[PDB]
file start.cif (mmCIF, C-alpha atoms and all ligand atoms)
data_data
loop_
_atom_site.label_atom_id
_atom_site.label_comp_id
_atom_site.auth_asym_id
_atom_site.auth_seq_id
_atom_site.Cartn_x
_atom_site.Cartn_y
_atom_site.Cartn_z
CA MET A 1 -36.43 -43.22 -21.04
CA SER A 2 -34.26 -40.12 -20.57
CA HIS A 3 -30.87 -41.75 -19.94
CA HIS A 4 -28.23 -40.55 -22.44
CA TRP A 5 -25.12 -42.22 -21.08
CA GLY A 6 -23.01 -44.45 -23.28
CA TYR A 7 -19.39 -45.20 -24.08
CA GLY A 8 -18.66 -42.40 -26.55
CA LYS A 9 -16.37 -39.41 -26.09
CA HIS A 10 -19.10 -37.15 -24.73
CA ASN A 11 -21.24 -39.56 -22.72
CA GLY A 12 -18.71 -42.15 -21.59
CA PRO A 13 -17.70 -43.43 -18.15
CA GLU A 14 -15.97 -40.17 -17.14
CA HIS A 15 -19.30 -38.37 -17.57
CA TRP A 16 -21.56 -40.77 -15.70
CA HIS A 17 -21.11 -39.19 -12.28
CA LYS A 18 -23.14 -36.15 -13.34
CA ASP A 19 -26.37 -38.11 -13.66
CA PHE A 20 -25.32 -40.92 -11.29
CA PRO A 21 -23.28 -39.50 -8.39
CA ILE A 22 -22.72 -43.00 -6.96
CA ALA A 23 -20.19 -43.39 -9.82
CA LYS A 24 -17.67 -41.98 -7.32
CA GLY A 25 -18.89 -44.21 -4.50
CA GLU A 26 -17.14 -46.45 -1.99
CA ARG A 27 -17.69 -49.82 -3.69
CA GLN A 28 -17.66 -49.24 -7.43
CA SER A 29 -16.81 -51.83 -10.09
CA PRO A 30 -14.90 -52.97 -11.97
CA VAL A 31 -11.52 -53.00 -10.20
CA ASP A 32 -7.99 -54.15 -10.91
CA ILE A 33 -7.31 -57.48 -9.24
CA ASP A 34 -3.78 -57.36 -7.86
CA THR A 35 -2.95 -61.07 -7.61
CA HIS A 36 -0.22 -60.66 -5.07
CA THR A 37 -2.42 -58.66 -2.67
CA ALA A 38 -5.57 -60.79 -2.91
CA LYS A 39 -5.57 -63.14 0.04
CA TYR A 40 -6.58 -66.78 0.04
CA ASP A 41 -9.65 -67.15 2.25
CA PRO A 42 -9.90 -70.77 3.49
CA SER A 43 -13.38 -69.92 4.80
CA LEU A 44 -14.88 -69.50 1.31
CA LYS A 45 -17.30 -72.38 0.65
CA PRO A 46 -17.21 -74.22 -2.66
CA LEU A 47 -18.87 -72.35 -5.56
CA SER A 48 -22.02 -74.01 -6.91
CA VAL A 49 -23.09 -73.26 -10.47
CA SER A 50 -26.29 -75.23 -11.24
CA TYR A 51 -27.32 -74.45 -14.81
CA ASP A 52 -28.63 -77.88 -15.92
CA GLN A 53 -32.21 -76.56 -15.92
CA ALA A 54 -31.44 -73.11 -17.36
CA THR A 55 -34.06 -71.90 -19.87
CA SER A 56 -32.92 -69.13 -22.22
CA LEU A 57 -35.61 -67.15 -23.96
CA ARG A 58 -34.41 -64.23 -25.97
CA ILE A 59 -31.39 -62.22 -27.02
CA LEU A 60 -31.60 -58.42 -27.09
CA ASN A 61 -29.37 -55.58 -28.38
CA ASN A 62 -30.05 -52.86 -25.78
CA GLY A 63 -27.83 -50.26 -27.41
CA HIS A 64 -24.95 -50.94 -25.01
CA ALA A 65 -24.37 -54.71 -25.31
CA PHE A 66 -26.51 -57.75 -26.05
CA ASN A 67 -28.35 -59.65 -23.33
CA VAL A 68 -29.21 -63.35 -23.44
CA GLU A 69 -32.26 -63.56 -21.17
CA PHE A 70 -33.47 -66.47 -19.09
CA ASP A 71 -36.79 -67.45 -17.58
CA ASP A 72 -36.20 -66.65 -13.91
CA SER A 73 -39.83 -67.10 -12.80
CA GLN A 74 -38.76 -70.32 -11.06
CA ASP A 75 -35.61 -71.62 -9.38
CA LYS A 76 -33.92 -73.32 -12.29
CA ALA A 77 -30.46 -71.94 -13.01
CA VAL A 78 -28.89 -70.86 -9.70
CA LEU A 79 -25.59 -69.74 -8.27
CA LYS A 80 -24.84 -70.52 -4.60
CA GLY A 81 -21.92 -71.25 -2.30
CA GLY A 82 -18.62 -69.46 -2.55
CA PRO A 83 -18.94 -66.14 -0.67
CA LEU A 84 -22.71 -66.22 -1.05
CA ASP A 85 -25.36 -66.77 1.58
CA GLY A 86 -28.54 -67.98 -0.05
CA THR A 87 -29.68 -68.72 -3.59
CA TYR A 88 -29.13 -66.42 -6.58
CA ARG A 89 -31.17 -66.94 -9.74
CA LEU A 90 -29.72 -66.43 -13.22
CA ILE A 91 -31.58 -63.70 -15.11
CA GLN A 92 -29.24 -62.88 -18.02
CA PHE A 93 -25.73 -62.81 -19.35
CA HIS A 94 -23.90 -60.32 -21.55
CA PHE A 95 -20.39 -59.29 -22.51
CA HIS A 96 -18.13 -56.27 -22.59
CA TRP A 97 -15.51 -56.19 -25.34
CA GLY A 98 -13.00 -54.02 -27.13
CA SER A 99 -12.19 -52.61 -30.55
CA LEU A 100 -8.93 -54.62 -30.49
CA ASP A 101 -7.84 -57.80 -28.64
CA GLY A 102 -5.68 -55.78 -26.23
CA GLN A 103 -8.65 -54.31 -24.38
CA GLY A 104 -12.29 -55.03 -23.64
CA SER A 105 -12.51 -56.49 -20.16
CA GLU A 106 -13.83 -54.50 -17.20
CA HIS A 107 -11.90 -56.20 -14.44
CA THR A 108 -8.15 -56.37 -15.01
CA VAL A 109 -5.60 -58.80 -13.52
CA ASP A 110 -2.38 -57.08 -12.46
CA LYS A 111 -3.42 -54.34 -14.90
CA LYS A 112 -3.77 -56.86 -17.75
CA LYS A 113 -6.84 -56.26 -19.90
CA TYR A 114 -8.46 -59.25 -21.63
CA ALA A 115 -10.24 -59.07 -25.00
CA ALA A 116 -13.64 -59.35 -23.38
CA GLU A 117 -15.50 -60.26 -20.22
CA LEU A 118 -18.65 -62.36 -19.80
CA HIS A 119 -21.05 -61.44 -16.98
CA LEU A 120 -23.69 -63.93 -15.77
CA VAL A 121 -26.11 -61.89 -13.64
CA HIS A 122 -28.00 -63.46 -10.73
CA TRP A 123 -30.37 -62.00 -8.13
CA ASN A 124 -30.88 -63.01 -4.50
CA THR A 125 -34.20 -64.83 -4.23
CA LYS A 127 -34.69 -63.64 -0.63
CA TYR A 128 -35.74 -60.30 -2.18
CA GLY A 129 -38.45 -61.66 -4.48
CA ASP A 130 -37.58 -59.84 -7.69
CA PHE A 131 -34.65 -58.19 -9.42
CA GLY A 132 -35.96 -54.67 -8.89
CA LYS A 133 -36.03 -55.15 -5.13
CA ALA A 134 -32.73 -57.00 -5.13
CA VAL A 135 -30.76 -54.13 -6.70
CA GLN A 136 -31.72 -51.92 -3.77
CA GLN A 137 -29.86 -54.28 -1.40
CA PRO A 138 -26.11 -54.56 -0.65
CA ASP A 139 -26.28 -58.30 -1.26
CA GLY A 140 -28.93 -58.27 -3.93
CA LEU A 141 -26.95 -59.51 -6.92
CA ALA A 142 -24.15 -61.95 -7.66
CA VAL A 143 -22.36 -61.51 -10.96
CA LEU A 144 -20.06 -64.24 -12.23
CA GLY A 145 -17.35 -62.76 -14.45
CA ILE A 146 -15.32 -64.77 -16.96
CA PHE A 147 -12.46 -63.38 -19.00
CA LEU A 148 -12.17 -64.08 -22.73
CA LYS A 149 -8.86 -64.25 -24.58
CA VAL A 150 -8.42 -64.73 -28.32
CA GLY A 151 -7.14 -68.10 -29.55
CA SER A 152 -9.08 -71.31 -30.18
CA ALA A 153 -12.83 -71.03 -30.78
CA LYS A 154 -15.32 -71.66 -27.95
CA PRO A 155 -17.79 -74.15 -29.49
CA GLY A 156 -20.41 -73.26 -26.92
CA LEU A 157 -20.37 -69.62 -27.97
CA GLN A 158 -21.06 -70.10 -31.67
CA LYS A 159 -24.85 -70.18 -31.37
CA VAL A 160 -24.62 -66.71 -29.86
CA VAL A 161 -22.26 -65.48 -32.59
CA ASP A 162 -24.52 -66.70 -35.37
CA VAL A 163 -27.65 -65.02 -34.04
CA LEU A 164 -26.01 -61.56 -33.82
CA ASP A 165 -26.75 -60.81 -37.47
CA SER A 166 -30.42 -60.69 -36.48
CA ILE A 167 -30.02 -58.10 -33.69
CA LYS A 168 -27.54 -55.72 -35.26
CA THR A 169 -29.08 -52.51 -33.95
CA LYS A 170 -30.44 -51.07 -30.72
CA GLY A 171 -33.88 -52.39 -29.82
CA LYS A 172 -33.74 -55.54 -31.93
CA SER A 173 -34.35 -58.88 -30.24
CA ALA A 174 -34.60 -62.49 -31.37
CA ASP A 175 -35.94 -65.74 -29.97
CA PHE A 176 -33.07 -67.55 -28.30
CA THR A 177 -34.25 -70.71 -26.64
CA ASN A 178 -32.41 -73.75 -25.42
CA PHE A 179 -28.98 -72.11 -25.17
CA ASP A 180 -26.84 -73.87 -22.53
CA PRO A 181 -24.68 -71.41 -20.58
CA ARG A 182 -22.59 -74.25 -19.21
CA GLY A 183 -20.84 -74.16 -22.58
CA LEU A 184 -19.32 -70.77 -21.71
CA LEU A 185 -17.58 -71.87 -18.49
CA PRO A 186 -13.87 -72.63 -18.13
CA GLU A 187 -12.71 -75.90 -16.57
CA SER A 188 -11.76 -74.43 -13.21
CA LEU A 189 -14.03 -72.51 -10.85
CA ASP A 190 -11.17 -70.91 -8.84
CA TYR A 191 -12.15 -67.26 -8.31
CA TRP A 192 -11.58 -63.87 -6.71
CA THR A 193 -14.43 -62.11 -4.93
CA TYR A 194 -15.14 -58.64 -3.59
CA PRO A 195 -18.16 -56.36 -2.90
CA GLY A 196 -18.95 -54.01 -5.75
CA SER A 197 -21.47 -52.50 -8.10
CA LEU A 198 -23.26 -52.62 -11.40
CA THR A 199 -20.77 -51.39 -14.04
CA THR A 200 -23.24 -49.29 -16.03
CA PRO A 201 -25.70 -46.71 -14.71
CA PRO A 202 -27.44 -46.83 -12.30
CA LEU A 203 -24.13 -48.17 -10.86
CA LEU A 204 -25.93 -49.46 -7.76
CA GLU A 205 -23.71 -50.92 -5.05
CA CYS A 206 -25.56 -54.22 -4.85
CA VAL A 207 -23.20 -56.78 -6.31
CA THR A 208 -21.08 -59.55 -4.89
CA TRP A 209 -18.54 -60.02 -7.69
CA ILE A 210 -17.13 -63.48 -8.36
CA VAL A 211 -14.46 -63.35 -11.08
CA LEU A 212 -13.02 -66.63 -12.36
CA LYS A 213 -9.26 -66.90 -12.65
CA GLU A 214 -9.29 -69.14 -15.74
CA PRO A 215 -10.23 -67.33 -18.94
CA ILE A 216 -12.04 -69.02 -21.78
CA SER A 217 -10.64 -68.87 -25.30
CA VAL A 218 -12.74 -67.59 -28.21
CA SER A 219 -11.60 -67.26 -31.82
CA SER A 220 -10.76 -64.05 -33.66
CA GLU A 221 -13.76 -64.69 -35.94
CA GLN A 222 -16.09 -65.00 -32.95
CA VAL A 223 -15.05 -61.71 -31.34
CA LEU A 224 -14.96 -59.97 -34.74
CA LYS A 225 -18.70 -60.67 -35.02
CA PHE A 226 -19.28 -58.97 -31.66
CA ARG A 227 -17.52 -55.91 -33.09
CA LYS A 228 -19.94 -55.74 -36.03
CA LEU A 229 -22.92 -55.00 -33.79
CA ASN A 230 -24.21 -51.42 -33.62
CA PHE A 231 -24.83 -49.05 -30.67
CA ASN A 232 -27.20 -47.13 -32.95
CA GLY A 233 -30.75 -48.04 -33.88
CA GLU A 234 -31.86 -49.13 -37.35
CA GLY A 235 -31.68 -46.40 -39.96
CA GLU A 236 -29.17 -44.28 -38.03
CA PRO A 237 -25.48 -43.62 -38.82
CA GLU A 238 -23.42 -46.67 -37.91
CA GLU A 239 -21.56 -46.58 -34.60
CA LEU A 240 -19.87 -49.94 -34.14
CA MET A 241 -20.57 -51.53 -30.75
CA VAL A 242 -17.00 -51.74 -29.42
CA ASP A 243 -15.28 -50.72 -26.20
CA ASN A 244 -18.45 -51.00 -24.10
CA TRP A 245 -16.42 -51.48 -20.92
CA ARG A 246 -16.00 -49.29 -17.87
CA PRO A 247 -12.36 -48.88 -16.69
CA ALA A 248 -11.11 -50.01 -13.28
CA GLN A 249 -12.35 -47.96 -10.31
CA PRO A 250 -10.67 -47.14 -6.95
CA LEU A 251 -10.60 -50.17 -4.65
CA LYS A 252 -10.92 -47.94 -1.57
CA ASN A 253 -11.74 -49.82 1.64
CA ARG A 254 -12.10 -53.29 0.15
CA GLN A 255 -10.21 -56.55 0.09
CA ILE A 256 -10.30 -58.99 -2.77
CA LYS A 257 -10.35 -62.60 -1.53
CA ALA A 258 -9.08 -65.64 -3.44
CA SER A 259 -10.79 -69.03 -3.30
CA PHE A 260 -7.48 -70.75 -4.06
CA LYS A 261 -3.85 -70.89 -2.89
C1 LIG B 301 -30.67 -53.14 -14.25
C2 LIG B 301 -29.97 -54.39 -14.72
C3 LIG B 301 -30.63 -55.55 -14.88
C4 LIG B 301 -30.00 -56.76 -15.33
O1 LIG B 301 -30.52 -57.84 -15.50
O2 LIG B 301 -28.65 -56.69 -15.61
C5 LIG B 301 -27.93 -55.52 -15.47
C6 LIG B 301 -26.58 -55.57 -15.82
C7 LIG B 301 -25.82 -54.40 -15.73
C8 LIG B 301 -24.37 -54.38 -16.15
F1 LIG B 301 -24.27 -54.90 -17.38
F2 LIG B 301 -23.90 -53.13 -16.16
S1 LIG B 301 -23.34 -55.40 -14.99
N1 LIG B 301 -21.91 -55.43 -15.72
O3 LIG B 301 -23.18 -54.62 -13.79
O4 LIG B 301 -23.91 -56.72 -14.99
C9 LIG B 301 -26.44 -53.24 -15.26
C10 LIG B 301 -27.76 -53.21 -14.91
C11 LIG B 301 -28.55 -54.35 -15.02
ZN ZN B 302 -21.49 -56.47 -17.35
#
call {"tool": "encode", "arguments": {"input": "start.cif", "output": "structure tokens", "more": "lines below"}}
Ligand SMILES: Cc1cc(=O)oc2cc(C(F)(F)S(N)(=O)=O)ccc12
Ligand SMILES: [Zn+2]
result
Amino acid sequence: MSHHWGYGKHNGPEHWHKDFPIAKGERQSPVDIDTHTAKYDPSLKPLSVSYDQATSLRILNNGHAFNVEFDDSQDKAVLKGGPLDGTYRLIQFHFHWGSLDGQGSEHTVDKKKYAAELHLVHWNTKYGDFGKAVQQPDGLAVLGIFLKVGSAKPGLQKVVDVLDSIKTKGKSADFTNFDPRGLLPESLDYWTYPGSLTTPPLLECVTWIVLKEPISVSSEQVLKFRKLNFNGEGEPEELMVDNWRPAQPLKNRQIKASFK
């Protein structure tokens, strides 16, 4: 209730370390993925994305981004395999995007920034609940998917059209029966490394799995994202753009590739 961090000039990523010292930690995210240095790991098991039974419930503008929330009271939508040991349950997805197509993603590929990045957040069921999971090194698994501007993503339109109803901070809307499988690219080839949440509290509890294949969304679709507001209703308009944290030092970590 007393957090004041954001993405503006005076409360942006370069200021976060004051209230959250872990911002300068040993396994912070996002990071630049240097494709020539990432090594193929033949030991990585196949990635398993089982979203057939996913049950979305609501979409919320939290003043930073918008979250599409799922019912995670049961083992429906889960992520397993890949670098993961155990079962991770989908709790929500959100995006990070820019003010222009040339920036917006958190992770970068050989320093290339994509227009946006989708994050599907999952928590390790061995810890019982999300709050307990974020206190563990292997508590979360976040699946990251890059977005580039070109052809429209049919599966994203239902999200785009509901944004008018959650323009400002604190607004939410019913959002049932949304199928996240419609946001995935064809290939599940990925890079993986141990990291953190990319907004405060910046906890170092995430196994990052970033897909190599980006999805394409249309200019009209991303333009709608850019019409959202960071501010609450009745306050001066601050367009919700550039809600991404820049790449952090890789330090003592190796990024592994699931493909050759
Ligand atoms: C506390 C928490 C709960 C949750 O369901 O999702 C989150 C997502 C993020 C993130 F958006 F910053 S990221 N990018 O690290 O996923 C940060 C914190 C949470
Ligand atoms: Zn995120």
call {"tool": "residues_near_ligand", "arguments": {"input": "start.cif", "ligand": "ligand LIG 301 (chain B)", "cutoff": "8 Å", "atoms": "all atoms listed in the file", "output": "short mmCIF file (atom, residue, chain, number, x, y, z; two decimals) with C-alpha atoms, keeping the file's coordinate frame"}}
result
data_model
loop_
_atom_site.label_atom_id
_atom_site.label_comp_id
_atom_site.auth_asym_id
_atom_site.auth_seq_id
_atom_site.Cartn_x
_atom_site.Cartn_y
_atom_site.Cartn_z
CA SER A 29 -16.81 -51.83 -10.09
CA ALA A 65 -24.37 -54.71 -25.31
CA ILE A 91 -31.58 -63.70 -15.11
CA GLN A 92 -29.24 -62.88 -18.02
CA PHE A 93 -25.73 -62.81 -19.35
CA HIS A 94 -23.90 -60.32 -21.55
CA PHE A 95 -20.39 -59.29 -22.51
CA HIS A 96 -18.13 -56.27 -22.59
CA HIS A 119 -21.05 -61.44 -16.98
CA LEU A 120 -23.69 -63.93 -15.77
CA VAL A 121 -26.11 -61.89 -13.64
CA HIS A 122 -28.00 -63.46 -10.73
CA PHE A 131 -34.65 -58.19 -9.42
CA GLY A 132 -35.96 -54.67 -8.89
CA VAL A 135 -30.76 -54.13 -6.70
CA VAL A 143 -22.36 -61.51 -10.96
CA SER A 197 -21.47 -52.50 -8.10
CA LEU A 198 -23.26 -52.62 -11.40
CA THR A 199 -20.77 -51.39 -14.04
CA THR A 200 -23.24 -49.29 -16.03
CA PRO A 201 -25.70 -46.71 -14.71
CA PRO A 202 -27.44 -46.83 -12.30
CA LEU A 203 -24.13 -48.17 -10.86
CA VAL A 207 -23.20 -56.78 -6.31
#
call {"tool": "closest_residue", "arguments": {"input": "start.cif", "among": "A:36, A:112, A:107, A:27", "to": "ligand ZN 302 (chain B)", "atoms": "all atoms listed in the file"}}
result
A:107
call {"tool": "closest_residue", "arguments": {"input": "start.cif", "among": "A:88, A:7, A:51, A:66", "to": "ligand ZN 302 (chain B)", "atoms": "all atoms listed in the file"}}
result
A:66
call {"tool": "axis_aligned_box", "arguments": {"input": "start.cif", "around": "segment 131-144 of chain A", "padding_each_side": "5 Å", "output": "AutoDock Vina command-line options"}}
result
--center_x -28.0 --center_y -58.1 --center_z -6.4 --size_x 26.0 --size_y 22.3 --size_z 21.6
call {"tool": "atom_distance", "arguments": {"input": "start.cif", "atom1": "atom CA of residue 147 of chain A", "atom2": "atom CA of residue 215 of chain A"}}
result
4.5 Å
call {"tool": "residues_around", "arguments": {"input": "start.cif", "residues": "residue 159 of chain A", "least_positions_apart": "3", "cutoff": "12 Å", "atoms": "only C-alpha atoms", "output": "list in words"}}
result
residues 59, 68, 154, 155, 156, 162, 163, 164, 165, 176, 177, 178, 179, 180, 181, 183, 184, 222 and 225 of chain A
call {"tool": "write_last_selection", "arguments": {"input": "start.cif", "atoms": "C-alpha atoms", "output": "compact mmCIF listing (two decimals), keeping the file's coordinate frame"}}
result
# COMPACT_ATOMS: atom_id res chain seq x y z
CA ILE A 59 -31.39 -62.22 -27.02
CA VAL A 68 -29.21 -63.35 -23.44
CA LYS A 154 -15.32 -71.66 -27.95
CA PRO A 155 -17.79 -74.15 -29.49
CA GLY A 156 -20.41 -73.26 -26.92
CA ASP A 162 -24.52 -66.70 -35.37
CA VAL A 163 -27.65 -65.02 -34.04
CA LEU A 164 -26.01 -61.56 -33.82
CA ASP A 165 -26.75 -60.81 -37.47
CA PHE A 176 -33.07 -67.55 -28.30
CA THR A 177 -34.25 -70.71 -26.64
CA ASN A 178 -32.41 -73.75 -25.42
CA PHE A 179 -28.98 -72.11 -25.17
CA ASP A 180 -26.84 -73.87 -22.53
CA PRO A 181 -24.68 -71.41 -20.58
CA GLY A 183 -20.84 -74.16 -22.58
CA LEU A 184 -19.32 -70.77 -21.71
CA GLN A 222 -16.09 -65.00 -32.95
CA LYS A 225 -18.70 -60.67 -35.02
call {"tool": "atom_distance", "arguments": {"input": "start.cif", "atom1": "atom CA of residue 137 of chain A", "atom2": "atom CA of residue 48 of chain A"}}
result
21.9 Å
call {"tool": "residues_near_point", "arguments": {"input": "start.cif", "point": "(-6.9, -64.0, -26.7)", "cutoff": "10 Å", "atoms": "only C-alpha atoms", "output": "PyMOL selection string"}}
result
chain A and resi 101-102+114-116+147-152+215-220+223
call {"tool": "closest_residue", "arguments": {"input": "start.cif", "among": "A:118, A:49, A:84, A:241", "to": "residue 211 of chain A", "atoms": "only C-alpha atoms"}}
result
A:118
call {"tool": "residues_around", "arguments": {"input": "start.cif", "residues": "residue 247 of chain A", "least_positions_apart": "2", "cutoff": "12 Å", "atoms": "only C-alpha atoms", "output": "MDAnalysis selection string"}}
result
chainID A and resid 7 12:14 23 28:32 96:98 103:108 111:113 199:200 243:245 249:250
call {"tool": "atom_distance", "arguments": {"input": "start.cif", "atom1": "atom CA of residue 78 of chain A", "atom2": "atom CA of residue 142 of chain A"}}
result
10.3 Å
call {"tool": "closest_residue", "arguments": {"input": "start.cif", "among": "A:124, A:67, A:208, A:188", "to": "ligand ZN 302 (chain B)", "atoms": "all atoms listed in the file"}}
result
A:67
call {"tool": "decode", "arguments": {"input": "start.cif", "residues": "segment 180-200 of chain A", "atoms": "N, CA, C and O atoms", "output": "PDB file, in the first residue's frame"}}
result
ATOM      1  N   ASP A 180      -8.787 -18.375 -24.127  1.00  0.00           N
ATOM      2  CA  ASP A 180      -7.863 -19.497 -24.328  1.00  0.00           C
ATOM      3  C   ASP A 180      -6.450 -18.993 -24.582  1.00  0.00           C
ATOM      4  O   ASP A 180      -6.148 -18.495 -25.660  1.00  0.00           O
ATOM      5  N   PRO A 181      -5.549 -19.155 -23.601  1.00  0.00           N
ATOM      6  CA  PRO A 181      -4.181 -18.660 -23.813  1.00  0.00           C
ATOM      7  C   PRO A 181      -3.392 -19.392 -24.888  1.00  0.00           C
ATOM      8  O   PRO A 181      -2.354 -18.907 -25.345  1.00  0.00           O
ATOM      9  N   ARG A 182      -3.880 -20.551 -25.306  1.00  0.00           N
ATOM     10  CA  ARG A 182      -3.183 -21.282 -26.360  1.00  0.00           C
ATOM     11  C   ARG A 182      -3.147 -20.448 -27.651  1.00  0.00           C
ATOM     12  O   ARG A 182      -2.322 -20.678 -28.530  1.00  0.00           O
ATOM     13  N   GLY A 183      -4.062 -19.484 -27.761  1.00  0.00           N
ATOM     14  CA  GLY A 183      -4.116 -18.655 -28.949  1.00  0.00           C
ATOM     15  C   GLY A 183      -3.042 -17.591 -28.988  1.00  0.00           C
ATOM     16  O   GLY A 183      -2.983 -16.833 -29.944  1.00  0.00           O
ATOM     17  N   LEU A 184      -2.206 -17.535 -27.947  1.00  0.00           N
ATOM     18  CA  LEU A 184      -1.125 -16.540 -27.883  1.00  0.00           C
ATOM     19  C   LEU A 184       0.248 -17.176 -28.112  1.00  0.00           C
ATOM     20  O   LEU A 184       1.266 -16.487 -28.116  1.00  0.00           O
ATOM     21  N   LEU A 185       0.280 -18.489 -28.310  1.00  0.00           N
ATOM     22  CA  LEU A 185       1.553 -19.195 -28.493  1.00  0.00           C
ATOM     23  C   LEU A 185       2.024 -19.258 -29.940  1.00  0.00           C
ATOM     24  O   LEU A 185       1.217 -19.270 -30.878  1.00  0.00           O
ATOM     25  N   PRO A 186       3.343 -19.270 -30.144  1.00  0.00           N
ATOM     26  CA  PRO A 186       3.861 -19.357 -31.509  1.00  0.00           C
ATOM     27  C   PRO A 186       3.829 -20.851 -31.874  1.00  0.00           C
ATOM     28  O   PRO A 186       3.477 -21.703 -31.041  1.00  0.00           O
ATOM     29  N   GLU A 187       4.199 -21.182 -33.105  1.00  0.00           N
ATOM     30  CA  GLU A 187       4.189 -22.576 -33.521  1.00  0.00           C
ATOM     31  C   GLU A 187       5.245 -23.397 -32.799  1.00  0.00           C
ATOM     32  O   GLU A 187       4.966 -24.496 -32.320  1.00  0.00           O
ATOM     33  N   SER A 188       6.465 -22.876 -32.740  1.00  0.00           N
ATOM     34  CA  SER A 188       7.548 -23.602 -32.096  1.00  0.00           C
ATOM     35  C   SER A 188       7.714 -23.308 -30.620  1.00  0.00           C
ATOM     36  O   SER A 188       7.503 -22.177 -30.182  1.00  0.00           O
ATOM     37  N   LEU A 189       8.107 -24.328 -29.873  1.00  0.00           N
ATOM     38  CA  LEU A 189       8.369 -24.182 -28.435  1.00  0.00           C
ATOM     39  C   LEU A 189       9.882 -24.209 -28.119  1.00  0.00           C
ATOM     40  O   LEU A 189      10.277 -24.472 -26.966  1.00  0.00           O
ATOM     41  N   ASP A 190      10.728 -23.968 -29.126  1.00  0.00           N
ATOM     42  CA  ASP A 190      12.175 -23.893 -28.889  1.00  0.00           C
ATOM     43  C   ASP A 190      12.339 -22.708 -27.925  1.00  0.00           C
ATOM     44  O   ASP A 190      11.629 -21.693 -28.057  1.00  0.00           O
ATOM     45  N   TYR A 191      13.272 -22.827 -26.983  1.00  0.00           N
ATOM     46  CA  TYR A 191      13.438 -21.782 -25.977  1.00  0.00           C
ATOM     47  C   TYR A 191      14.840 -21.656 -25.405  1.00  0.00           C
ATOM     48  O   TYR A 191      15.704 -22.525 -25.616  1.00  0.00           O
ATOM     49  N   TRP A 192      15.043 -20.557 -24.674  1.00  0.00           N
ATOM     50  CA  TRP A 192      16.272 -20.308 -23.921  1.00  0.00           C
ATOM     51  C   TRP A 192      15.809 -20.323 -22.467  1.00  0.00           C
ATOM     52  O   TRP A 192      14.659 -19.993 -22.175  1.00  0.00           O
ATOM     53  N   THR A 193      16.676 -20.714 -21.549  1.00  0.00           N
ATOM     54  CA  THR A 193      16.287 -20.719 -20.149  1.00  0.00           C
ATOM     55  C   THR A 193      17.433 -20.321 -19.244  1.00  0.00           C
ATOM     56  O   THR A 193      18.597 -20.578 -19.547  1.00  0.00           O
ATOM     57  N   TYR A 194      17.119 -19.631 -18.156  1.00  0.00           N
ATOM     58  CA  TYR A 194      18.152 -19.230 -17.207  1.00  0.00           C
ATOM     59  C   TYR A 194      17.444 -18.880 -15.896  1.00  0.00           C
ATOM     60  O   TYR A 194      16.223 -18.636 -15.887  1.00  0.00           O
ATOM     61  N   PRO A 195      18.185 -18.894 -14.765  1.00  0.00           N
ATOM     62  CA  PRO A 195      17.602 -18.560 -13.460  1.00  0.00           C
ATOM     63  C   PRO A 195      17.581 -17.057 -13.248  1.00  0.00           C
ATOM     64  O   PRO A 195      18.618 -16.385 -13.391  1.00  0.00           O
ATOM     65  N   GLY A 196      16.413 -16.531 -12.895  1.00  0.00           N
ATOM     66  CA  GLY A 196      16.311 -15.090 -12.734  1.00  0.00           C
ATOM     67  C   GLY A 196      15.353 -14.611 -11.682  1.00  0.00           C
ATOM     68  O   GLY A 196      15.160 -15.247 -10.648  1.00  0.00           O
ATOM     69  N   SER A 197      14.716 -13.487 -11.967  1.00  0.00           N
ATOM     70  CA  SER A 197      13.848 -12.851 -10.976  1.00  0.00           C
ATOM     71  C   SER A 197      12.572 -12.261 -11.540  1.00  0.00           C
ATOM     72  O   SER A 197      12.335 -12.268 -12.746  1.00  0.00           O
ATOM     73  N   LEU A 198      11.752 -11.751 -10.632  1.00  0.00           N
ATOM     74  CA  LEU A 198      10.568 -11.017 -11.032  1.00  0.00           C
ATOM     75  C   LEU A 198      11.182  -9.747 -11.634  1.00  0.00           C
ATOM     76  O   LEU A 198      12.253  -9.283 -11.177  1.00  0.00           O
ATOM     77  N   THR A 199      10.503  -9.139 -12.609  1.00  0.00           N
ATOM     78  CA  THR A 199      11.063  -7.942 -13.246  1.00  0.00           C
ATOM     79  C   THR A 199      10.474  -6.633 -12.745  1.00  0.00           C
ATOM     80  O   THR A 199      10.780  -5.572 -13.293  1.00  0.00           O
ATOM     81  N   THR A 200       9.606  -6.715 -11.741  1.00  0.00           N
ATOM     82  CA  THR A 200       9.113  -5.510 -11.075  1.00  0.00           C
ATOM     83  C   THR A 200       9.297  -5.801  -9.604  1.00  0.00           C
ATOM     84  O   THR A 200       9.439  -6.964  -9.200  1.00  0.00           O
TER      85      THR A 200
END
